Amino acid sequence: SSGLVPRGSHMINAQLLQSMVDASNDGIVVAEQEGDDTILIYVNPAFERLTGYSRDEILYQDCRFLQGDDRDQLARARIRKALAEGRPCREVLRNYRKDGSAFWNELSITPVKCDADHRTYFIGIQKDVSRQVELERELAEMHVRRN
Amino acid sequence: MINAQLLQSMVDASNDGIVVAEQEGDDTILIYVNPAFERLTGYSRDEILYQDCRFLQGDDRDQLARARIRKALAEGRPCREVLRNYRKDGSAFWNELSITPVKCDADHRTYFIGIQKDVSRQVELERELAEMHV
Ligand SMILES: [Cl-]
Ligand SMILES: [Cl-]
């Protein structure tokens with residue numbers, strides 16, 4: 001049974017948390033709900049590196065800027081629903097970079113209530129799946145080629 | 001310019017494992033672990049914390065890579081490696097591990113941030129593909 005001793009170092013501080021977020025390989029954004037729209041108030045470097053948009057053209061603009069795919073229209077809709085209800089959700093989407101090139105990404109959204117200011121914020125995690133998708137497709141082709 | 005609770009939630013929601021470690025003598029001691037790291041390795045936070053990084057069983061095929069990591073850590077340098085590791089239950093996973101040094105002169109010591117991304121599916125798909133060409 002777990003009678004484990006509770007552990008965590010109280011040496012950890014907000015400076016180290018910011019470095020974890022800066023070092024994260026996945027993109028990490030924070031968003032707020034202003035009326036009917038979703039506004040990005042924080043983005044980490046990975047988000048820039050994956051999407052090609054800078055922090056400053058993104059910040060405090062509606063997230064509609066990241067161009068979606070029509071094959072994802074249903075998933076897009078599931079996301080807005082969960083956002084309105086403050087429920088979490090996860091979806092794999094084909095999105096478009098600033099230069100219009102496509103990337104596949106798994107997007108996972110967690111709502112969080114802030115203790116200092118009582119308002120509801122949502123945390124996105126943006127995982128590039130492009131390489132997994134591309135490998136799975138090559139394998140599918142080779143199955144047609146070989147077998 | 002961002003709340004300290006919100007950063008923690010960012011780290012907690014992460015899919016990748018995120019740890020902090022500090023050098024202690026000959027050891028690199030893990031002082032923080034996020035939930036994804038618990039799930040990736042199969043160990044709970046309280047069984048991981050304050051143990052040397054070698055608690056997580058490695059592969060003999062990685063001995064060279066581990067040596068590079070030791071060197072980078074001793075020198076306070078970042079490094080990145082793909083390793084085969086084994087969970088608490090003994091199942092294997094491939095993971096890309098990226099280490100970022102951070103100096104706190106406040107603490108008079110260098111902290112290390114690992115990012116541990118499970119690459120297992122990428123590795124096995126790549127291996128299947130290698131066969132299909134034979
Ligand atoms: Cl739409
Ligand atoms: Cl494509």
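These numbers come from the heavy atoms of this one structure, side chains and all, not from hydrogens, waters or symmetry mates. In what follows, every chain begins at residue 1, and chains take the letters A, B, ... in the order their sequences are listed.
Nearest heavy atom pair, residue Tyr86(B) against residue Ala92(B), reads CE2-CB, 3.6 Å.
Within residues 20-41 of chain B, the residues having any heavy atom closer than 4.5 Å to a heavy atom of chain A are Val20(B), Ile31(B), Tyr32(B), listed by residue number.
Two residues are said to be in side-chain contact when any heavy atoms from C-beta on lie closer than 4.5 Å; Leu135(A) and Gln122(B) meet this criterion. For the pair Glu91(A)/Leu107(A), no side-chain contact is recorded, criterion being any heavy-atom separation below 4.5 Å from C-beta on. Side chains of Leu139(A) and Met132(B) form a contact here, defined as non-hydrogen atoms less than 4.5 Å apart.
The backbone N or O of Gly52(A) lies less than 3.5 Å from no partner atom in the side chain of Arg97(A), so there is not a single donor-acceptor pair.
Looking at residues two or more places apart in sequence or on another chain, you find a salt bridge (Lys or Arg N to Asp or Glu O under 4.0 Å) between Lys88(B) and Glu47(B).
If you measure heavy-atom distances from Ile115(B) to chain A, the contacts under 4.5 Å come from the side chain alone.
For the set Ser108(A), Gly124(A), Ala23(A), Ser24(A), the count of heavy-atom pairs under 4.5 angstrom toward chain B peaks at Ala23(A). Ranking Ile28(A), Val21(A), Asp26(A), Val29(A) against chain B, the residue ahead of the rest is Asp26(A), based on heavy-atom pairs under 4.5 Å.
Electrostatic pairing of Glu136(A) and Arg121(B) counts as a salt bridge here, judged by a charged N lying under 4.0 Å from a carboxylate O.
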